[PDB]
$ cat entry06.tsv   # TSV, C-alpha atoms and all ligand atoms
chain	number	residue	atom	x	y	z
Z	605	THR	CA	13.68	4.35	-2.34
Z	606	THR	CA	12.51	1.03	-0.90
Z	607	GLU	CA	11.62	-1.71	-3.39
Z	608	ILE	CA	8.56	-3.52	-2.03
Z	609	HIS	CA	7.76	-7.14	-2.81
Z	610	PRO	CA	4.26	-7.73	-4.25
Z	611	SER	CA	3.58	-10.37	-1.57
Z	612	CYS	CA	3.53	-7.51	0.96
Z	613	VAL	CA	0.77	-5.49	-0.78
Z	614	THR	CA	-2.97	-6.15	-0.82
Z	615	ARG	CA	-5.47	-3.90	-2.59
Z	616	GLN	CA	-8.86	-3.48	-0.91
Z	617	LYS	CA	-10.74	-0.79	-2.82
Z	618	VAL	CA	-10.44	1.53	-5.81
Z	619	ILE	CA	-10.32	5.21	-4.81
Z	620	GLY	CA	-9.20	6.84	-8.07
Z	624	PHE	CA	-2.53	5.61	-16.74
Z	625	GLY	CA	-3.59	3.27	-13.93
Z	626	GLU	CA	-5.70	3.33	-10.78
Z	627	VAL	CA	-5.30	4.43	-7.15
Z	628	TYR	CA	-6.34	1.95	-4.44
Z	629	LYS	CA	-6.62	1.78	-0.69
Z	630	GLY	CA	-4.74	-1.24	0.61
Z	631	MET	CA	-2.49	-2.71	3.26
Z	632	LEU	CA	1.30	-3.01	3.37
Z	633	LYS	CA	3.14	-5.63	5.42
Z	634	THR	CA	6.41	-4.10	6.63
Z	635	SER	CA	9.20	-4.64	9.18
Z	636	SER	CA	9.87	-8.17	7.87
Z	637	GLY	CA	6.26	-9.23	8.42
Z	638	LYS	CA	5.86	-7.85	11.91
Z	639	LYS	CA	3.89	-4.71	11.07
Z	640	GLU	CA	0.98	-3.89	8.78
Z	641	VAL	CA	-0.19	-0.41	7.77
Z	642	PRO	CA	-2.89	1.13	5.56
Z	643	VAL	CA	-1.56	2.57	2.29
Z	644	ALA	CA	-2.57	4.22	-0.95
Z	645	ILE	CA	-1.36	2.40	-4.08
Z	646	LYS	CA	-1.06	3.91	-7.57
Z	647	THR	CA	-0.49	1.59	-10.54
Z	648	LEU	CA	0.98	2.01	-14.01
Z	649	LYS	CA	-0.70	-0.39	-16.44
Z	650	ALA	CA	0.98	-2.41	-19.19
Z	651	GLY	CA	1.83	-0.57	-22.38
Z	652	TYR	CA	3.12	2.54	-20.63
Z	653	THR	CA	5.68	4.58	-22.57
Z	654	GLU	CA	9.23	5.40	-21.54
Z	655	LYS	CA	8.10	8.92	-20.67
Z	656	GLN	CA	5.25	7.53	-18.57
Z	657	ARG	CA	7.68	5.25	-16.71
Z	658	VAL	CA	10.26	7.99	-16.10
Z	659	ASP	CA	7.53	10.37	-14.88
Z	660	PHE	CA	5.87	7.70	-12.68
Z	661	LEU	CA	9.05	6.51	-10.96
Z	662	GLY	CA	10.31	10.10	-10.95
Z	663	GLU	CA	7.46	11.26	-8.72
Z	664	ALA	CA	8.34	8.49	-6.24
Z	665	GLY	CA	12.04	9.34	-6.40
Z	666	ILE	CA	11.26	12.94	-5.49
Z	667	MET	CA	8.78	11.98	-2.75
Z	668	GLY	CA	11.44	9.67	-1.29
Z	669	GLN	CA	13.75	12.68	-0.81
Z	670	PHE	CA	11.39	14.32	1.67
Z	671	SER	CA	10.67	13.64	5.32
Z	672	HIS	CA	8.26	16.17	6.78
Z	673	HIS	CA	4.99	15.96	8.68
Z	674	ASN	CA	3.20	18.07	6.05
Z	675	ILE	CA	4.49	16.21	2.95
Z	676	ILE	CA	2.99	12.89	1.82
Z	677	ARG	CA	5.19	10.00	2.94
Z	678	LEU	CA	6.43	7.40	0.45
Z	679	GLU	CA	6.47	3.80	1.63
Z	680	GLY	CA	8.15	2.44	-1.50
Z	681	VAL	CA	7.69	1.21	-5.04
Z	682	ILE	CA	7.16	-2.00	-6.97
Z	683	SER	CA	9.25	-1.64	-10.11
Z	684	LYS	CA	10.54	-5.20	-10.66
Z	685	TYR	CA	7.04	-6.68	-11.06
Z	686	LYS	CA	4.02	-5.59	-13.08
Z	687	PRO	CA	1.94	-3.58	-12.80
Z	688	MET	CA	4.38	-1.16	-11.26
Z	689	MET	CA	3.16	0.57	-8.10
Z	690	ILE	CA	3.89	3.58	-5.93
Z	691	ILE	CA	2.85	3.07	-2.30
Z	692	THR	CA	2.27	6.00	0.09
Z	693	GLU	CA	0.61	6.64	3.41
Z	694	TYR	CA	-3.19	6.64	3.16
Z	695	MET	CA	-4.95	9.97	3.70
Z	696	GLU	CA	-8.47	9.09	4.81
Z	697	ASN	CA	-10.19	12.35	3.85
Z	698	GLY	CA	-8.71	12.68	0.34
Z	699	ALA	CA	-8.13	15.91	-1.52
Z	700	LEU	CA	-8.55	19.12	0.47
Z	701	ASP	CA	-10.73	20.99	-2.06
Z	702	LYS	CA	-13.35	18.20	-2.18
Z	703	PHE	CA	-13.12	17.67	1.57
Z	704	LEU	CA	-13.92	21.31	2.28
Z	705	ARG	CA	-16.74	21.33	-0.31
Z	706	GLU	CA	-18.32	18.38	1.52
Z	707	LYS	CA	-17.83	20.04	4.93
Z	708	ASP	CA	-18.99	23.58	4.13
Z	709	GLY	CA	-19.13	25.75	7.24
Z	710	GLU	CA	-18.31	22.94	9.68
Z	711	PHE	CA	-14.86	24.01	10.86
Z	712	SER	CA	-13.77	26.80	13.14
Z	713	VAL	CA	-11.58	29.69	12.01
Z	714	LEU	CA	-8.79	28.27	14.16
Z	715	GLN	CA	-9.10	24.89	12.49
Z	716	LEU	CA	-8.91	26.47	9.02
Z	717	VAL	CA	-5.92	28.60	10.00
Z	718	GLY	CA	-4.25	25.49	11.44
Z	719	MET	CA	-4.70	23.69	8.12
Z	720	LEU	CA	-3.02	26.60	6.37
Z	721	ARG	CA	-0.15	26.58	8.86
Z	722	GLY	CA	0.49	22.90	8.08
Z	723	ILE	CA	0.44	23.50	4.33
Z	724	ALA	CA	2.78	26.48	4.80
Z	725	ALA	CA	5.19	24.35	6.86
Z	726	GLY	CA	5.27	21.73	4.11
Z	727	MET	CA	5.88	24.41	1.49
Z	728	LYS	CA	8.63	26.05	3.58
Z	729	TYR	CA	10.29	22.65	3.73
Z	730	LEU	CA	10.01	22.17	-0.06
Z	731	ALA	CA	11.31	25.66	-0.82
Z	732	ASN	CA	14.24	25.17	1.55
Z	733	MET	CA	15.06	21.96	-0.39
Z	734	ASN	CA	15.08	24.04	-3.60
Z	735	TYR	CA	11.92	22.32	-4.87
Z	736	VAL	CA	9.52	24.61	-6.74
Z	737	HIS	CA	6.09	22.97	-6.85
Z	738	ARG	CA	4.52	24.95	-9.76
Z	739	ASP	CA	1.00	23.48	-9.21
Z	740	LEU	CA	0.16	24.27	-5.62
Z	741	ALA	CA	-3.63	24.19	-5.17
Z	742	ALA	CA	-6.02	22.63	-2.71
Z	743	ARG	CA	-6.66	19.77	-5.19
Z	744	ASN	CA	-3.02	18.72	-4.62
Z	745	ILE	CA	-3.22	18.74	-0.80
Z	746	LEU	CA	-4.43	15.61	1.02
Z	747	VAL	CA	-6.11	15.43	4.45
Z	748	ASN	CA	-5.86	12.63	7.00
Z	749	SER	CA	-8.38	11.53	9.63
Z	750	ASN	CA	-6.85	13.96	12.15
Z	751	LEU	CA	-7.25	16.91	9.74
Z	752	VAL	CA	-3.52	17.17	9.02
Z	753	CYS	CA	-2.93	18.59	5.54
Z	754	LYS	CA	-0.02	17.33	3.43
Z	755	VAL	CA	1.37	18.57	0.11
Z	756	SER	CA	1.55	16.12	-2.80
Z	757	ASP	CA	2.01	16.16	-6.61
Z	758	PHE	CA	5.70	16.01	-7.51
Z	759	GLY	CA	7.60	15.45	-10.76
Z	760	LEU	CA	11.02	15.49	-12.45
Z	761	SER	CA	10.01	18.36	-14.76
Z	762	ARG	CA	10.28	20.61	-11.68
Z	763	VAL	CA	13.95	19.82	-10.94
Z	764	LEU	CA	15.62	18.80	-14.21
Z	765	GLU	CA	17.49	21.66	-15.87
Z	766	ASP	CA	15.52	23.38	-18.66
Z	767	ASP	CA	13.05	20.51	-18.76
Z	768	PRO	CA	10.77	20.89	-21.83
Z	769	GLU	CA	7.75	20.01	-19.63
Z	770	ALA	CA	8.64	22.30	-16.71
Z	771	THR	CA	5.73	24.63	-17.55
Z	772	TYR	CA	3.10	21.86	-17.69
Z	773	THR	CA	1.34	19.86	-14.97
Z	774	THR	CA	2.77	16.56	-13.80
Z	776	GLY	CA	1.33	17.18	-19.26
Z	777	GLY	CA	-1.60	19.56	-19.34
Z	778	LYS	CA	-1.70	23.29	-18.85
Z	779	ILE	CA	-1.08	24.41	-15.28
Z	780	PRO	CA	-4.47	26.01	-14.44
Z	781	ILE	CA	-3.60	29.63	-14.62
Z	782	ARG	CA	-5.86	30.90	-11.83
Z	783	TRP	CA	-3.44	29.57	-9.19
Z	784	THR	CA	-0.31	30.87	-10.99
Z	785	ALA	CA	1.65	34.07	-10.42
Z	786	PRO	CA	1.67	36.59	-13.31
Z	787	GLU	CA	5.41	36.24	-14.00
Z	788	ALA	CA	5.06	32.46	-14.24
Z	789	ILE	CA	2.08	32.77	-16.63
Z	790	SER	CA	3.70	35.39	-18.89
Z	791	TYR	CA	7.43	34.60	-18.70
Z	792	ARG	CA	7.52	31.01	-17.34
Z	793	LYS	CA	9.45	32.34	-14.30
Z	794	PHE	CA	8.44	29.70	-11.72
Z	795	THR	CA	10.17	30.11	-8.33
Z	796	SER	CA	9.28	29.67	-4.69
Z	797	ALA	CA	7.86	33.21	-4.88
Z	798	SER	CA	5.39	32.08	-7.52
Z	799	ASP	CA	4.52	29.19	-5.19
Z	800	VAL	CA	3.80	31.87	-2.54
Z	801	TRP	CA	1.24	33.45	-4.91
Z	802	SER	CA	-0.33	30.00	-5.30
Z	803	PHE	CA	-0.30	29.59	-1.53
Z	804	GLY	CA	-2.34	32.78	-1.25
Z	805	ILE	CA	-4.92	31.25	-3.60
Z	806	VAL	CA	-4.92	28.11	-1.40
Z	807	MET	CA	-5.60	30.32	1.65
Z	808	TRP	CA	-8.61	31.70	-0.19
Z	809	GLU	CA	-9.75	28.16	-1.15
Z	810	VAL	CA	-9.50	27.08	2.48
Z	811	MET	CA	-11.31	30.09	3.97
Z	812	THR	CA	-14.17	29.75	1.42
Z	813	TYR	CA	-14.54	25.97	1.87
Z	814	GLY	CA	-13.37	25.18	-1.62
Z	815	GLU	CA	-14.78	27.93	-3.75
Z	816	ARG	CA	-13.49	28.16	-7.28
Z	817	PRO	CA	-10.97	31.04	-7.52
Z	818	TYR	CA	-12.51	33.87	-9.57
Z	819	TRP	CA	-15.87	32.03	-9.94
Z	820	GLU	CA	-17.14	32.05	-13.57
Z	821	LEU	CA	-14.30	34.14	-15.01
Z	822	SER	CA	-12.53	32.51	-17.93
Z	823	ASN	CA	-8.76	32.17	-17.92
Z	824	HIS	CA	-8.36	35.28	-20.08
Z	825	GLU	CA	-10.75	37.15	-17.78
Z	826	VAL	CA	-8.64	36.12	-14.76
Z	827	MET	CA	-5.50	37.40	-16.51
Z	828	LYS	CA	-7.33	40.63	-17.34
Z	829	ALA	CA	-8.42	41.16	-13.74
Z	830	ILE	CA	-5.06	40.37	-12.11
Z	831	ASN	CA	-3.11	42.52	-14.52
Z	832	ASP	CA	-5.50	45.41	-13.80
Z	833	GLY	CA	-4.73	44.98	-10.09
Z	834	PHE	CA	-7.96	43.17	-9.11
Z	835	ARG	CA	-7.56	40.61	-6.33
Z	836	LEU	CA	-9.99	38.06	-4.91
Z	837	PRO	CA	-12.23	39.71	-2.29
Z	838	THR	CA	-12.31	38.56	1.30
Z	839	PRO	CA	-14.04	35.26	2.10
Z	840	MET	CA	-16.97	35.41	4.51
Z	841	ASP	CA	-16.06	35.29	8.20
Z	842	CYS	CA	-12.40	35.76	7.42
Z	843	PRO	CA	-9.97	37.31	9.93
Z	844	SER	CA	-8.55	40.61	8.69
Z	845	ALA	CA	-5.03	39.35	9.43
Z	846	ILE	CA	-5.61	36.29	7.24
Z	847	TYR	CA	-6.95	38.36	4.33
Z	848	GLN	CA	-4.04	40.80	4.65
Z	849	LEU	CA	-1.61	37.88	4.44
Z	850	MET	CA	-3.18	36.46	1.31
Z	851	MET	CA	-3.12	39.93	-0.29
Z	852	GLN	CA	0.63	40.09	0.40
Z	853	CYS	CA	1.11	36.73	-1.31
Z	854	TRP	CA	-0.49	38.36	-4.36
Z	855	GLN	CA	1.88	41.31	-4.73
Z	856	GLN	CA	2.62	41.92	-8.41
Z	857	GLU	CA	6.34	42.33	-7.61
Z	858	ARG	CA	7.68	38.95	-6.49
Z	859	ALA	CA	10.28	40.38	-4.24
Z	860	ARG	CA	7.51	42.03	-2.19
Z	861	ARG	CA	5.83	38.72	-1.38
Z	862	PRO	CA	6.48	37.01	1.96
Z	863	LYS	CA	8.80	34.04	2.09
Z	864	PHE	CA	7.35	30.76	3.29
Z	865	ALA	CA	9.19	31.24	6.59
Z	866	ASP	CA	7.36	34.53	7.07
Z	867	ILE	CA	4.03	32.87	6.36
Z	868	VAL	CA	4.66	30.10	8.88
Z	869	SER	CA	5.78	32.60	11.52
Z	870	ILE	CA	2.74	34.89	11.08
Z	871	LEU	CA	0.26	32.00	11.15
Z	872	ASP	CA	1.91	30.64	14.31
Z	873	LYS	CA	1.64	34.02	16.04
Z	874	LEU	CA	-2.04	34.41	15.14
Z	875	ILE	CA	-2.91	30.89	16.38
Z	876	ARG	CA	-1.04	31.52	19.63
Z	877	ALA	CA	-2.87	34.79	20.32
Z	878	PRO	CA	-6.30	33.82	18.95
Z	879	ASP	CA	-7.95	37.12	19.91
Z	880	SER	CA	-5.94	38.45	16.94
Z	881	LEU	CA	-8.27	36.43	14.70
Z	882	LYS	CA	-11.48	38.02	16.00
Z	883	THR	CA	-10.98	41.19	13.92
Z	884	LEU	CA	-12.80	40.23	10.71
Z	885	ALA	CA	-12.37	41.72	7.26
Z	886	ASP	CA	-15.58	43.28	6.00
Z	887	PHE	CA	-17.34	40.91	3.61
Z	888	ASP	CA	-18.42	42.76	0.47
Z	889	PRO	CA	-22.10	41.81	-0.09
Z	891	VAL	CA	-26.38	41.41	-3.17
Z	892	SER	CA	-28.97	43.97	-2.05
Z	893	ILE	CA	-31.55	42.52	0.37
Z	894	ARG	CA	-33.61	45.23	2.03
Z	895	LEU	CA	-35.81	44.69	5.09
Z	896	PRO	CA	-37.04	46.84	8.02
Y	1	LIG	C1	-0.19	6.32	-4.04
Y	1	LIG	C2	0.30	7.62	-4.46
Y	1	LIG	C3	1.23	7.70	-5.47
Y	1	LIG	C4	1.76	8.88	-5.92
Y	1	LIG	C5	1.31	10.04	-5.35
Y	1	LIG	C6	0.39	10.02	-4.33
Y	1	LIG	CL1	-0.06	11.49	-3.64
Y	1	LIG	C7	-0.13	8.80	-3.89
Y	1	LIG	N1	-1.03	8.79	-2.88
Y	1	LIG	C8	-2.31	9.11	-3.07
Y	1	LIG	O1	-2.72	9.43	-4.14
Y	1	LIG	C9	-3.20	9.09	-2.06
Y	1	LIG	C10	-3.03	8.98	-0.74
Y	1	LIG	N2	-4.14	9.00	0.00
Y	1	LIG	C11	-5.29	9.18	-0.68
Y	1	LIG	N3	-6.49	9.23	-0.09
Y	1	LIG	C12	-7.70	9.36	-0.71
Y	1	LIG	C13	-7.86	9.77	-2.01
Y	1	LIG	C14	-9.13	9.86	-2.56
Y	1	LIG	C15	-10.23	9.60	-1.81
Y	1	LIG	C16	-10.13	9.21	-0.51
Y	1	LIG	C17	-11.29	9.02	0.27
Y	1	LIG	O2	-11.59	7.91	0.62
Y	1	LIG	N4	-11.90	10.17	0.61
Y	1	LIG	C18	-12.90	10.17	1.44
Y	1	LIG	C19	-13.75	9.10	1.65
Y	1	LIG	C20	-14.73	9.22	2.61
Y	1	LIG	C21	-14.89	10.37	3.37
Y	1	LIG	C22	-14.04	11.44	3.16
Y	1	LIG	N5	-14.15	12.57	3.87
Y	1	LIG	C23	-13.07	11.30	2.17
Y	1	LIG	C24	-8.84	9.11	0.01
Y	1	LIG	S1	-4.90	9.26	-2.33
$ encode --input "entry06.tsv" --output "structure tokens"
Amino acid sequence: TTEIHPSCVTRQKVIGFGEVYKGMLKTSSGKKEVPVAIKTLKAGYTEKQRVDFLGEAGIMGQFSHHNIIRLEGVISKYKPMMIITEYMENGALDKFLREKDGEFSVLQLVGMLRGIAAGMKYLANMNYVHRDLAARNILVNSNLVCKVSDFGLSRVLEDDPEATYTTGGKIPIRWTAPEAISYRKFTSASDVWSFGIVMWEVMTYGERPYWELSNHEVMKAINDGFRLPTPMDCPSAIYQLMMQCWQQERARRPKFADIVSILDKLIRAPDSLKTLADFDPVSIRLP
């Protein structure tokens, strides 16, 4: 983890306790300058807040993959402390899709999912269980590359008392596998369930999983065997894959390597994506 000197960081604009800014980072001993995102931790933070803040950077610094947000470094010796990452111009994937409804091709959407799956395969192979995979935690750059974010020590430390929470609130249950909800059994296979929900988010341009259903209503539906219906204009192969991510039995779910492989094969033979799942309709009746 690279300690960055504050003289190398300028903040240009607020984009999101503390704040998140867009800024510039001078690197390579003053010879290079790159756009960055900058998250601060304001004075008065608690020990827990510090350990969680620097812990997310420490975890991010362990990864090096095209589909995982890249850490530039941290400012810990000066205040306010900062975490500095690459800047993703299009922000969170759920909002991005909700502002771009219907504008992408099926192949583009499937390619986004392949990138997310590659990042998740990498995480799982590192023995990192994400526990909060959702489109809100995926960022998108100007070239439409999707990268996983949102990391924390409660996911790796042994029997961490906060392992079942978000990086401190309740993990929104509608992305979470039944065995993680009911028994706190979070594993890469529960991340696969979440990935299936992300596939549905992507193919619907950011629809809310399960619409108006309350959390208890979602639990009722899933435990009765209900599953989210196909998105509109969705390839049958893509819907079949998300259904397999949602198998009740975790051992029946695909591994991330399987997901990456299948998505690759579909993209490479794109006629395979022209078979669409039937969209289950409202009754509008005309001649
Ligand atoms: C700095 C940091 C510390 C710890 C964890 C993480 Cl993941 C990060 N990094 C970031 O939070 C971010 C990296 N890149 C970000 N980009 C971002 C976030 C929110 C909004 C925007 C933005 O400007 N979105 C936008 C603006 C205009 C048009 C479109 N399509 C999208 C861009 S936020």
$ atom_distance --input "entry06.tsv" --atom1 "CA of residue 655 (chain Z)" --atom2 "CA of residue 615 (chain Z)"
26.0 Å
$ residues_near_ligand --input "entry06.tsv" --ligand "ligand LIG 1 (chain Y)" --cutoff "7 Å" --atoms "all atoms listed in the file" --output "number ranges by chain"
Z: 619-620, 627, 644-646, 663-664, 676, 690-699, 703, 746, 756-757
$ closest_residue --input "entry06.tsv" --among "Z:606, Z:761, Z:855, Z:715" --to "residue 802 (chain Z)" --atoms "all atoms listed in the file"
Z:855
$ residues_around --input "entry06.tsv" --residues "residue 700 (chain Z)" --least-positions-apart "6" --cutoff "7 Å" --atoms "all atoms listed in the file" --output "MDAnalysis selection string"
chainID Z and resid 742:743 745:747
$ atom_distance --input "entry06.tsv" --atom1 "CA of residue 796 (chain Z)" --atom2 "CA of residue 817 (chain Z)"
20.5 Å
$ closest_residue --input "entry06.tsv" --among "Z:785, Z:874, Z:842, Z:810" --to "residue 856 (chain Z)" --atoms "all atoms listed in the file"
Z:785
$ decode --input "entry06.tsv" --residues "region 833-849 of chain Z" --atoms "C-alpha atoms" --output "mmCIF file, in the first residue's frame"
data_model
loop_
_atom_site.group_PDB
_atom_site.id
_atom_site.type_symbol
_atom_site.label_atom_id
_atom_site.label_comp_id
_atom_site.auth_asym_id
_atom_site.auth_seq_id
_atom_site.Cartn_x
_atom_site.Cartn_y
_atom_site.Cartn_z
ATOM 1 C CA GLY Z 833 -39.557 -21.459 -4.972
ATOM 2 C CA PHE Z 834 -40.542 -18.221 -6.764
ATOM 3 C CA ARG Z 835 -37.769 -16.660 -8.840
ATOM 4 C CA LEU Z 836 -37.579 -13.331 -10.655
ATOM 5 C CA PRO Z 837 -39.206 -13.623 -14.101
ATOM 6 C CA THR Z 838 -37.302 -13.005 -17.292
ATOM 7 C CA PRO Z 839 -36.400 -9.410 -18.185
ATOM 8 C CA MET Z 840 -37.761 -8.073 -21.463
ATOM 9 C CA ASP Z 841 -35.669 -8.865 -24.545
ATOM 10 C CA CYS Z 842 -33.525 -11.290 -22.595
ATOM 11 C CA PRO Z 843 -31.712 -14.197 -24.282
ATOM 12 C CA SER Z 844 -33.001 -17.565 -23.091
ATOM 13 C CA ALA Z 845 -29.428 -18.658 -22.357
ATOM 14 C CA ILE Z 846 -28.910 -15.630 -20.106
ATOM 15 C CA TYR Z 847 -32.134 -16.238 -18.175
ATOM 16 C CA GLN Z 848 -31.271 -19.930 -17.789
ATOM 17 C CA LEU Z 849 -27.899 -18.953 -16.327
#
